[PDB]
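Form deposited in one PDB entry, single chain, as structure tokens, below.
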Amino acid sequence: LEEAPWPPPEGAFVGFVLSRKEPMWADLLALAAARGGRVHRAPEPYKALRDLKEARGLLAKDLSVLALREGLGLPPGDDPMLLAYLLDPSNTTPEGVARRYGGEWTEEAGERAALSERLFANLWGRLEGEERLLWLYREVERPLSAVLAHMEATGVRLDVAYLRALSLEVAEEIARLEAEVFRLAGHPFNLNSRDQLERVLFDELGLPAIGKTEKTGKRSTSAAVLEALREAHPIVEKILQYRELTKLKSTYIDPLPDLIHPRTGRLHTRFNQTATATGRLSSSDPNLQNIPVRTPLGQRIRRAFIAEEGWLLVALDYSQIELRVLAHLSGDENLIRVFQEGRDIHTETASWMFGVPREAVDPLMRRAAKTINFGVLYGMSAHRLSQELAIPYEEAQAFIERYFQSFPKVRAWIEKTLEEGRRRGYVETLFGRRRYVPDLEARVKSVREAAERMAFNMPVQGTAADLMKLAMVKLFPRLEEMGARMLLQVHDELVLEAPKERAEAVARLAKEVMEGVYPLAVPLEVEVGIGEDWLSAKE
């Protein structure tokens, strides 16, 4: 391209280079723009940002987040990554997309700007005639990138002092556990090494190996294996407790306080828009979509996520979302009827599981039943089912047969979905988001059947994902108008932050927006809570 002075004209595509991948932490090393056979390189990148009306190009959101960080209201616009991701969700990296659609991802901003321009041209062309994918781009993905930029730049408050204190307490208990484990082993070793632990359990102590690891075929020391060995030796329960504590300390308690941003005083994640096979978002650096909640210590950690002083967190979560979606997709009368009657399948399974009346089911019981309900739906084996329920194999098989015999059109929907995936080479969500599954025609059964589980899951998980994205796009401007903030998405959950005076109004509004986003054959129900911290807001 012909080199030309900064600034570029309107509609130009940007290229940019960051010192590190995370936009909230990155130095803007270079900035350029391309349009009409010209490339414009900015002598001073930060100041040059002010000249742009929008960030149009590869990874547009990252530049937008950096702009917002610097106090500049620069929205992201067209991004070839989003076009490519819709065409084929295995398109996840600029490296791959460039290679596939007409160029090379290099480390020079001008080259990135020029690449953005031509990739957009090519990809836009491939989306001609693809009316449904075009709709998803214009109505969902492109607007959502703006919403996500604001969420990333906003961050969430964390009680750092609390976590520091908690680390010390957890360290002392970890020391107790490891010392006990070493005593029981008769000698110290690296308890963080599963290789060393395997030898202790299975070679030194008398314990029977139960399972093998996937890639290298070592004797597994996974939680499932240790659970089954709980009564065989006192060391097992001690290892399980050590694992829980060290996992939580090493992954959350210790790293998170170190990641508070010096300017904002908050914790900032990345919401990756082109990262999953189904259309879900992912979260990284740090991942805020896997903050603990199941165990007592996990709950103590989740409580560290707090509202700003004078504000409250609002948490909203779609009820039984994939089951409702499945009802719509399959058109099963029985399942549709369940939701029209305001029933709860998770609670019902739980009452059966623990052998108590439906009223006796506590949240932890219901949560246990969730894994069982979705596990069975998406192809869990009776053996695993019997194992995790500690019921005879015969009981497990019986639960699975009744699970499906109750809802006839579900299996039919599955069969049709798989048959159609074999024919077209892809499956699709309600809105037409696609996932290619070539292994549906694999000649190897285990490979083929794994592919089948991936394939029929995708329309369900993906439709739920599409619905949440659409809801975020609708909700965001309403929140802006109310002075509320959208902070996090966790798949079928949103966490907002609202001024205390407006918190109740915001909760009601958000619930209605989420429930009314795109009506299905069954009602969408959203549960909502309000609190000073993430845990309190979910109760």
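Start at 1 and count along the sequence shown; that's the residue number.
Not pictured, yet referred to below: the form deposited in another entry.
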item: Hinge assignment for the rigid-body change between the shown form and the other one, options 342, 53, 160, 303; value: 342
item: Closer or farther in the other entry: C-alpha pair residue 331, residue 349 (3 angstroms or more); value: closer
item: Residue pair residue 331, residue 376 - Cα distance in the other entry, closer or farther (3 Å or more); value: closer
